[PDB]
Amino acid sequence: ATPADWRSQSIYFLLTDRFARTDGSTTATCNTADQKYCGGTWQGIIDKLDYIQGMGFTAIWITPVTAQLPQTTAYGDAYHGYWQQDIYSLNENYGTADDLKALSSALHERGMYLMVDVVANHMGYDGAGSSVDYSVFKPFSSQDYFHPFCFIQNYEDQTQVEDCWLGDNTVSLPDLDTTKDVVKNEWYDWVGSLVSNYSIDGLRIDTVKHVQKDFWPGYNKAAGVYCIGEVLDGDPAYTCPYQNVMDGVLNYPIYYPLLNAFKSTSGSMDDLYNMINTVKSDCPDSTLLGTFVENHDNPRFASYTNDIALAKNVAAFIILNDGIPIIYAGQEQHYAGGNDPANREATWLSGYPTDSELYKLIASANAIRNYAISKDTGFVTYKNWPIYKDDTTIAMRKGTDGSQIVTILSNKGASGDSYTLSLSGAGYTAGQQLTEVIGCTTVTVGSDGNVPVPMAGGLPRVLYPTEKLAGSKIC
C-alpha cells in the first residue's frame, strides 16, 4: 500500500517464532536463553488476530520469511529470521507459502495490513567468515556477489559500516556487494515478486545504514509499497537523511530521549520536547516515521522500571506522536526482558489476557486515534506540536482546530500525587466540553481557554471534544 495509506496505520510488531503457535498453546516451552525455534507460526498469528485487532491495531509487522541457515549454531537457531540463505524458499518453521498467503488474506479480511521484515544487506552463515561455502546461498551462490571478508571495527567509518561484515566468526553475516548491478537487479526483482506473491502491503527494511544509499531508491520503487527502514542511530542528522531514499525510517532519534524521559521519575522532559521539535523540523516528513520505545534490539521498557503508570505514559506517546505507532508484542503484557535474547520472550506464555492494564491502555489510545482519523483527514499530516513542559510533564497537540487530540504525559509514576494542571495552549475554544478518553471522564475548557486537567497516579490524560465523540463507542 502507499505511504499516504500507511500514515493512518498502527502497527503491532511481532516475532513469528515467538508470538503464537499453530496449536495455540500458552505453556509450550520457550526459554529465551536457549535461542532455539519455539514454534511460532503464521497460522498461529491468524488464530490470534482478534487479540491483536482488539487493541486497535490496523497492521502487523512480522519478522523475515526467507529460508534461513539450518544449523543450530553456538548462538542458537535462526528463529528471528535475520540469517537468511535461500531467498526463494520460505522458512519451513513458520509454515508454507499457502500459510503466508492465508495470513495476508486473514489480515485483509479484517481491513488490516501485512508488513514484512526484509534483509538486503547480508546472508547468515554458521561459522567463520573464512569458512563460508558460498554455494549454499540462493541466488547469490558465489563469493563474487559479496564484499571481501572484514568485520566492522569502527562504526563511525561509514565506508566500513557499508563494506564490511556484521556478526563475527561464530555466526558470520556474509555482506552482499550491493554496489554490483547483478546484486541490485536480483534484489529488485526479488522484492517485487515477494510483495506480489504474498499480497504484502508494506515492508520494514533491516540494517539500512549498512547498505550504500544509492541502493535504496531502486529497492523501494521495485517493492511498490511503503517502506520503513531501520537506521540504528539516535542522531537525527544521520538517520533522517535516509528518508530521502526511503519512504520512512524508524524513529530512533525519538527513542532514546523518550525512553529516558519515562524510564524513571527523574527523566529529562526537555530532551524529549526538543527532539520532537528537531525531528519535526529536520526530518523530511515526521509523519512517515515509526514511533516506538520497545523492540527486539534493546532492553524492554519494563526492564528499567515496572511502574505501570510510566509504561502507560510511554505507550500513549507512541500511539499519539507523529507517524506510525509501533508496539512490540509483549509490551502490552508488560514484558521486562533485557538485551538479546532476553527481549524475545514468547507472547503466548502470558496467556494473551485482554484485560491487562497495558492492553486496555493501548486499546483506548488506538481507539481515539482511529476515531479521530476517521473524523479528520488532516490529522495524520498535522505536525504534533509540544504545547507544554516541565520537570515531570509534557503535553502535545495534534489534529485540526476543533478536532485536535491533546495529550498530557507524566513521569511522576504510580505514587504521583493528585492535583490539577492548568493546561494552556490546547487550542480548544473557551467553554468547550472535553472527554478524557483514557479514564473516561469529562472536563470543560476554562473561560480562559485553559484546561483544568485532573492529574492523579501519574496517569496519562488524552483529551478530545466531547460532542465529536457522539456515535463512537468511546467512553
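Residue indices: 1-based, along the sequence shown.
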Query raised in the report: Of the two stretches 409-417 and 32-40, which shows the higher Cα B-factor on average in the entry?
Result: 409-417
Query raised in the report: If you average the CA temperature factors over each stretch, which comes out higher, 143-151 or 87-95?
Result: 143-151
Requested in this report: Tell me, please, which of 265, 305, 366, 313 has the highest C-alpha B factor according to the deposited entry?
Outcome: 265
Query raised in the report: Which one, 209, 180, 122, 110, has the peak C-alpha temperature factor per the PDB entry?
Result: 180
Report summary line: Entry-reported C-alpha B-factor of residue 375 relative to its chain, by third, is highest
Requested in this report: Give the position of residue 331 by CA B-factor within its chain, expressed as the lowest, middle or highest third.
Outcome: lowest
Report task. For residue 174, return the chain-relative third of its C-alpha B-factor as stated in the PDB record: lowest, middle or highest. Result -> lowest
Report summary line: residue 59: CA temperature factor from the record, placed by chain third, in the lowest
**Report entry** CA B-factor placement of residue 317, once the chain's modelled residues are sorted into thirds
**Finding:** lowest
